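Worksheet: one structure, shown below.
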Amino acid sequence: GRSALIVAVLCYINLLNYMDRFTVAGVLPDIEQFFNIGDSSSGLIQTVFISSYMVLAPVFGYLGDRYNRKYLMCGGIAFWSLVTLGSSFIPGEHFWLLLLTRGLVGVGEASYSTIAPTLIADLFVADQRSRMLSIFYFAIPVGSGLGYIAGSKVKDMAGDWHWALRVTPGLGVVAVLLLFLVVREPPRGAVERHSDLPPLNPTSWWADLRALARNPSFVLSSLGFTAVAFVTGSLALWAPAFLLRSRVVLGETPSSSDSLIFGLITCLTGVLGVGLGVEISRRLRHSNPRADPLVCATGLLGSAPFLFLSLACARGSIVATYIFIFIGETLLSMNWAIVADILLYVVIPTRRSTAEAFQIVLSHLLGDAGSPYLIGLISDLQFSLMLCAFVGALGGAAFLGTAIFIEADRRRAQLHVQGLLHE
Ligand SMILES: CCCCCCCC/C=C\CCCCCCCC(=O)OC[C@@H](O)COP(=O)(O)OCC[N+](C)(C)C
């Protein structure tokens, strides 16, 4: 009864998190005009954000494995909300202030995104964990899309680009108050372990890193998740320009309507993919214990041919291409929630924050330092799509390799929880 309200609070804070991530991307051309900057500086904003995020994710993993998770989350939320509200007041003489404030936003969001799913892990069990993680990753893409559209509409109505950063910090003191009042910090593995036992002690951090590098299920699911994130990021970067150029060749248009249509499509396939993936994995898991990574691999390698045929279909019509991309993105998007589950049952509750931090670092590094840096390098159009398909096939092989090792690793972790094995 109280854990449902905790899940509602965490879903709301996740929606706010991605809203604050994308509210500056929904206002980008007026930023490019205000500070007198070219094309590279928007990529510099996003690069500073993701770099601070990746560098400060391991620190908050190490802190959330050993200290009060609710206090660190409250501090992170208060920090990024305060620095956003302060970043609203930057004059046009200094752009590096905007860069530094984006870095601090990245720090706070790294804190929250590293620590938050461990509470959902420690409050529920298998199927209910799967459904509440489904709600969490329902909250991410609606948050991103609504943040873009809210920044854009607030800038259009108010007339100043600064007001795009003034909408989100007002909904941040509410999240801090809710996280202080409603959420109560659960023990590390309260439902995976009886209450009469002494609490589990966190060992050294080097032992945590060696133990997280010695199990193959977690590493291979992280590599599959990395490949999926790379494929989706490159596709979202490439698709609107491709559809515009297709309508240029046909002659319909000699970036607003197609952009909003593709944004609606991305949001709807995100929520439908998370829902369908959790549903199929929960259905199949009872008759097959290795069904989560198999469903991940089926989603990835069954999304591959729909996108592969959309390029051939785009010459004839547009509606069939839209439909086929809508069908492929769902199978691309099951993997978020299913990979979050696969992480949260193969890792000891004294290592889940470090596992989330390592997964964040690996995924964001090999996806976002690679796609806008190598896709644009090899593009300047079919070899980029062939590289995308090769990475997708490698991710499918990684998810099958996860399916080989998921039983032994889940058993070893659940026996380590019960104290029957000692490291
Ligand atoms: C039981 C229910 C209890 C409470 C219910 C509340 C739950 C959540 C509340 C409200 C959300 C509903 C509104 C629908 C959201 C749809 C999002 C939406 O329509 O977004 C508009 C699109 O334009 C966003 O996509 P873009 O940002 O363009 O794509 C990115 C392009 N890029 C180049 C910048 C990378």
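Here's how to read the names in the structure tokens: chain A, B, ... by the order shown, residue numbers from 1 in each chain, ligand numbers from 1 in the order shown.
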Determine, using only C-alpha atoms and all ligand atoms, which residues of chain A have any atom at most 8 Å from an atom of ligand 1, and tabulate each with its shortest atom pair and distance in Å to one decimal place, rows ordered by chain and then rising number, as CSV.
```
residue,atom,partner,partner_atom_place_in_ligand_line,distance
A:12,CA,ligand 1,7 (C),7.9
A:15,CA,ligand 1,8 (C),7.8
A:22,CA,ligand 1,27 (O),7.2
A:25,CA,ligand 1,34 (C),5.8
A:26,CA,ligand 1,34 (C),6.5
A:139,CA,ligand 1,8 (C),7.4
A:141,CA,ligand 1,17 (C),7.7
A:142,CA,ligand 1,15 (C),4.9
A:143,CA,ligand 1,15 (C),7.4
A:144,CA,ligand 1,27 (O),6.6
A:145,CA,ligand 1,24 (C),3.7
A:146,CA,ligand 1,17 (C),4.6
A:147,CA,ligand 1,27 (O),7.6
A:148,CA,ligand 1,27 (O),4.8
A:149,CA,ligand 1,21 (C),5.2
A:236,CA,ligand 1,35 (C),6.7
A:237,CA,ligand 1,35 (C),6.5
A:259,CA,ligand 1,28 (O),5.4
A:260,CA,ligand 1,23 (O),4.0
A:261,CA,ligand 1,23 (O),7.0
A:262,CA,ligand 1,28 (O),6.8
A:263,CA,ligand 1,25 (O),3.2
A:264,CA,ligand 1,19 (O),4.7
A:266,CA,ligand 1,25 (O),6.9
A:267,CA,ligand 1,17 (C),5.7
A:268,CA,ligand 1,16 (C),7.4
```
Got a sec to tell me which of region 71-242 of chain A DSSP assigns to helix (DSSP H, G or I), as a ChimeraX atom specification?
/A:71-87,96-123,126-158,161-165,169-171,173-181,205-213,216-242
Just to be explicit: take each residue in the selection above, keep C-alpha atoms, and write the result as a short mmCIF file (atom, residue, chain, number, x, y, z; two decimals), in the first residue's frame.
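Contents of again.cif, freshly written:
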```
data_model
loop_
_atom_site.label_atom_id
_atom_site.label_comp_id
_atom_site.auth_asym_id
_atom_site.auth_seq_id
_atom_site.Cartn_x
_atom_site.Cartn_y
_atom_site.Cartn_z
CA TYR A 71 19.33 11.19 1.17
CA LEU A 72 21.57 10.97 -1.90
CA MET A 73 18.54 11.01 -4.21
CA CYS A 74 17.06 14.04 -2.40
CA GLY A 75 20.39 15.85 -2.64
CA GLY A 76 20.71 15.08 -6.34
CA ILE A 77 17.18 16.25 -7.16
CA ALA A 78 17.58 19.45 -5.14
CA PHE A 79 20.94 20.08 -6.79
CA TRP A 80 19.85 19.74 -10.40
CA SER A 81 16.66 21.73 -9.78
CA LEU A 82 18.60 24.55 -8.11
CA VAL A 83 21.21 24.68 -10.86
CA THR A 84 18.51 24.64 -13.56
CA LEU A 85 16.68 27.56 -11.93
CA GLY A 86 20.03 29.34 -11.66
CA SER A 87 20.88 28.53 -15.28
CA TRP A 96 30.61 28.36 -20.51
CA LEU A 97 28.24 29.11 -17.63
CA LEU A 98 25.57 27.24 -19.59
CA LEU A 99 28.04 24.41 -20.17
CA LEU A 100 28.92 24.23 -16.46
CA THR A 101 25.26 24.23 -15.43
CA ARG A 102 24.57 21.40 -17.88
CA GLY A 103 27.45 19.51 -16.26
CA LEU A 104 25.96 19.98 -12.79
CA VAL A 105 22.55 18.86 -14.07
CA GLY A 106 24.34 15.78 -15.38
CA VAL A 107 25.87 15.18 -11.95
CA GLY A 108 22.51 15.28 -10.17
CA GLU A 109 20.78 13.14 -12.78
CA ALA A 110 23.62 10.61 -12.61
CA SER A 111 22.99 10.35 -8.87
CA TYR A 112 19.27 9.73 -9.28
CA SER A 113 19.53 7.39 -12.28
CA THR A 114 22.19 5.27 -10.60
CA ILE A 115 20.42 4.94 -7.26
CA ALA A 116 16.67 4.88 -8.05
CA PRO A 117 15.95 1.36 -9.47
CA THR A 118 17.52 -0.34 -6.44
CA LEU A 119 14.58 0.77 -4.28
CA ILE A 120 12.14 -0.85 -6.72
CA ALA A 121 14.36 -3.93 -6.53
CA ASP A 122 14.35 -3.98 -2.71
CA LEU A 123 10.59 -3.41 -2.38
CA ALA A 126 9.94 -11.13 -9.48
CA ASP A 127 6.71 -10.34 -11.35
CA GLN A 128 5.91 -7.25 -9.30
CA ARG A 129 9.50 -6.05 -9.77
CA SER A 130 9.04 -6.56 -13.50
CA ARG A 131 5.80 -4.56 -13.55
CA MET A 132 7.13 -1.67 -11.46
CA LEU A 133 10.26 -1.45 -13.61
CA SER A 134 7.85 -1.41 -16.55
CA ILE A 135 6.26 1.67 -14.97
CA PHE A 136 9.70 3.29 -14.43
CA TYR A 137 10.61 2.85 -18.09
CA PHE A 138 7.10 3.95 -19.05
CA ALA A 139 8.09 7.18 -17.34
CA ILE A 140 11.37 7.75 -19.24
CA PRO A 141 10.16 8.31 -22.86
CA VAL A 142 6.98 10.27 -22.08
CA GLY A 143 9.23 12.40 -19.88
CA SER A 144 11.69 13.09 -22.69
CA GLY A 145 9.06 13.87 -25.33
CA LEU A 146 6.92 16.00 -23.02
CA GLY A 147 10.02 17.90 -21.91
CA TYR A 148 10.88 18.72 -25.51
CA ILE A 149 7.34 19.87 -26.33
CA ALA A 150 7.02 21.85 -23.08
CA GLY A 151 10.28 23.72 -23.57
CA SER A 152 9.32 24.51 -27.16
CA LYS A 153 5.79 25.70 -26.34
CA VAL A 154 6.86 27.75 -23.31
CA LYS A 155 9.53 29.46 -25.40
CA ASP A 156 6.94 30.12 -28.12
CA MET A 157 4.44 31.60 -25.65
CA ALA A 158 6.76 33.62 -23.39
CA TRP A 161 14.36 31.16 -24.41
CA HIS A 162 15.17 31.38 -20.68
CA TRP A 163 11.61 30.34 -19.79
CA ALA A 164 12.25 26.83 -21.12
CA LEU A 165 14.50 26.27 -18.10
CA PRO A 169 12.63 23.59 -11.32
CA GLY A 170 9.17 24.37 -9.95
CA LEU A 171 8.28 20.66 -10.14
CA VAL A 173 10.81 21.03 -4.79
CA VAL A 174 7.62 18.97 -5.01
CA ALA A 175 9.70 15.89 -5.82
CA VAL A 176 12.07 16.65 -2.93
CA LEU A 177 9.14 17.04 -0.51
CA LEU A 178 7.53 13.82 -1.75
CA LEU A 179 10.80 11.88 -1.49
CA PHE A 180 11.29 13.16 2.06
CA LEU A 181 7.74 12.57 3.32
CA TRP A 205 35.00 -1.58 -4.00
CA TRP A 206 37.75 -3.44 -5.87
CA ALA A 207 36.09 -6.69 -4.82
CA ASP A 208 32.80 -5.29 -6.16
CA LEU A 209 34.41 -4.47 -9.51
CA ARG A 210 36.13 -7.86 -9.84
CA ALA A 211 32.92 -9.69 -8.92
CA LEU A 212 30.91 -7.62 -11.41
CA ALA A 213 33.50 -8.39 -14.09
CA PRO A 216 29.02 -13.29 -17.70
CA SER A 217 25.24 -12.80 -17.58
CA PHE A 218 25.44 -9.19 -16.39
CA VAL A 219 28.30 -8.25 -18.73
CA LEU A 220 26.64 -9.82 -21.77
CA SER A 221 23.26 -8.23 -21.03
CA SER A 222 25.08 -4.90 -20.62
CA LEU A 223 26.72 -5.37 -24.04
CA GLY A 224 23.36 -6.25 -25.60
CA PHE A 225 21.79 -3.18 -23.98
CA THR A 226 24.68 -1.09 -25.31
CA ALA A 227 24.12 -2.37 -28.85
CA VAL A 228 20.37 -1.70 -28.57
CA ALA A 229 20.99 1.84 -27.32
CA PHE A 230 23.45 2.47 -30.16
CA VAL A 231 20.97 1.20 -32.77
CA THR A 232 18.09 3.29 -31.40
CA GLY A 233 20.25 6.41 -31.06
CA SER A 234 21.62 6.18 -34.59
CA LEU A 235 18.13 5.48 -35.95
CA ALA A 236 16.62 8.46 -34.11
CA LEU A 237 19.45 10.65 -35.39
CA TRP A 238 19.08 9.47 -38.99
CA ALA A 239 15.35 8.93 -39.53
CA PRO A 240 13.79 12.45 -39.78
CA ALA A 241 16.41 13.64 -42.27
CA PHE A 242 15.85 10.46 -44.30
#
```
With only C-alpha atoms as the basis for distance, which of A:420, A:339, A:4, A:19 is at the shortest distance from residue 355 (chain A)?
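That would be A:339, the residue with the smallest distance to residue 355 (chain A).
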Please provide the set of residues having any atom within 9 Å of residue 349 (chain A), restricted to only C-alpha atoms, with same-chain residues fewer than 5 positions apart removed, written as a VMD selection string.
chain A and resid 65 118 121 to 122 188 to 189 192 200 344 417
Have a look at A:42, A:414, A:33, A:269 and name the one nearest to residue 160 (chain A); count only C-alpha atoms.
A:33
I'd like the neighbourhood of residue 397 (chain A) as a list in words, where a residue qualifies if any of its atoms comes within 12 Å (using only C-alpha atoms), though same-chain residues fewer than 2 positions away should be ignored.
residues 220, 221, 223, 224, 225, 227, 228, 293, 294, 296, 297, 298, 300, 301, 390, 391, 392, 393, 394, 395, 399, 400, 401, 402, 403 and 404 of chain A
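Distance annotation: of A:47, A:277, A:335, A:306, the residue with the minimal separation from residue 373 (chain A) is A:47; atom set is only C-alpha atoms.
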Need to verify the contact set: residue 356 (chain A), 8 Å, only C-alpha atoms, exclusion of same-chain residues closer than 2 positions in sequence. Can you return it as a ChimeraX atom specification?
/A:61,114-115,343,352-354,358-360
Quick check, in Å to one decimal: how far apart do CA of residue 340 (chain A) and CA of residue 214 (chain A) lie?
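Computing the Euclidean distance for CA of residue 340 (chain A) and CA of residue 214 (chain A) yields 19.0 Å.
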Using only C-alpha atoms, which protein or nucleic acid residues come within 6 Å of residue 274 (chain A)? Drop anything in the same chain fewer than 2 positions from it, and give the result as a PyMOL selection string.
chain A and resi 134+271-272+276-277+333-334+337
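Rounded to one decimal, CA of residue 307 (chain A) and CA of residue 366 (chain A) lie 21.8 Å from each other.
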Can you tell me how far CA of residue 375 (chain A) sits from CA of residue 311 (chain A), in Å to one decimal?
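According to the coordinates, CA of residue 375 (chain A) and CA of residue 311 (chain A) are separated by 17.3 Å.
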Top pick for closest residue to residue 198 (chain A), considering A:14, A:418, A:287, A:41 and counting only C-alpha atoms:
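The closest residue to residue 198 (chain A) is A:418.
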